[PDB]
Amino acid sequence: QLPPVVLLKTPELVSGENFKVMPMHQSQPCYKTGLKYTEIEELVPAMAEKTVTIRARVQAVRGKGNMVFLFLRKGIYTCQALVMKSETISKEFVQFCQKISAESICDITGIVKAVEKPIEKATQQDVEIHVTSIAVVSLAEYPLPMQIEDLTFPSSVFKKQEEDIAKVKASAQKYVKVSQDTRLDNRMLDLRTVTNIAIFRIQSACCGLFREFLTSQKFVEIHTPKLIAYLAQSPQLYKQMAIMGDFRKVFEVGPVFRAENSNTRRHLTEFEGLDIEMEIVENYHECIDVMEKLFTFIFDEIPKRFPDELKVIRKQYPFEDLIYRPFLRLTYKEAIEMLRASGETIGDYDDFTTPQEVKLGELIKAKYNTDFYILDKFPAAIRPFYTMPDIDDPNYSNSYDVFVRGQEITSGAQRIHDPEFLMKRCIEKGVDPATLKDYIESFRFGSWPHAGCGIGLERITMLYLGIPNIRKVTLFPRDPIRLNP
């Protein structure tokens, strides 16, 4: 059952002098125009009556016989182009343009002329291009599986739509969107929406700032093996071994594999993990202190460096800006204390249900007015065997979780660096020391007190932007039910 490739039809344009379909680009002299390409964001009342040429997507073609309006897009910016019949623009020019298929990539030359009436659908509202020439670089097939326009609508248009269907003749009509597989089967088309390109710039921002900040602190980026021949569930083991190799402060940005078969609405069997590990001098809170600094940096800088992207996301998926000062520090105990006061029955050493984490978020938001906090001193029974126990009560440990919008983004701990004790705990959690000889043995020859972190990139970005589904924040969505594309 071998499914062949399908190839849909492209339009049959009749080319002319100033309106042509270019030959396939092979980096060849005819594409060496020597022109200056102008970026759409630069189209501004500043340059009325200048001529420009710009390589953009023809998102849409509204057409009027003598006038054709081209809606151009490129990245997060959009503008309007106008082809009008004249002494210098012919019937054949116009009908060429009216027949361009949606999403075709074009080079459009024209004179930027002002518009007394603003163009509400475009980002460049106060100016439009009067075309003098066009060249199709890559002519799109048709019909698209999905319209971009109704991929970009905010729910609100849809709330007001389905409620306008109180009508209970022709209830025409409201508008519809297609389902997460018609978009997943055409993921690359979906990613062209301005919201999506914006979402993944902000994911890129989290990654970049995480790297930039830790580097400014003289951390060393490392790359540990994933073919451990099984995969690296957690890059933790090697991270620790890097510290026993006197690296002092290390981080890794890499894939993390959850063999755990897990589909709720926020978990997957492969994600990208931002990990940190460091020597510790007096106290493991030194490690929590680096996080606070670290995250505050990510959260301070994101709006300074990507204001437009944030703007574009908010239209599609409304959210209010994360409140991250103060960074609240509680203990598991205090948390249990609050939830019980809220009516929950929970017991001293129990992991929290996801709802309970959200409820605690709402408690904390009301009392301290932050979306950002850290839960310290988790129960040993919930944490792994490498976790350093608390000196006052071994039923608790030197570990912590960090929360954004009442939900976990990272988890971390001081770890056991004494081999005898590490092995005692390894047996107490029913784990064969034989299974990880080399790891245990690597702590024998003088061993730094240390702690660290595991952050989910998808998770932090999702929670930063208040987006409820993790799949909207992963580029090519991965899970046990979904392989393609």
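In this text, residue numbers run from 1 along the sequence as written.
According to the PDB entry, the deposited sequence contains 10 or more residues between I228 and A229 that lack coordinates.
The entry shows a gap from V168 to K169, with 10 or more unmodelled residues of the deposited sequence in between. Of the candidates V115, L214, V253, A172, it is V115 whose Cα B-factor is highest according to the PDB record.
In this PDB entry, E42 carries a Cα temperature factor that places it within the highest third of its chain's modelled residues. Residue-level temperature factors show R57 in the middle third of its chain, judged at the C-alpha atom. Sort the chain's modelled residues by C-alpha temperature factor and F153 lands in the highest third, per the entry. In the deposited entry, the Cα temperature factor of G452 places it in the middle third of its chain's modelled residues. Remark: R444 belongs to the lowest third of its chain, ranked by C-alpha B-factor as recorded.
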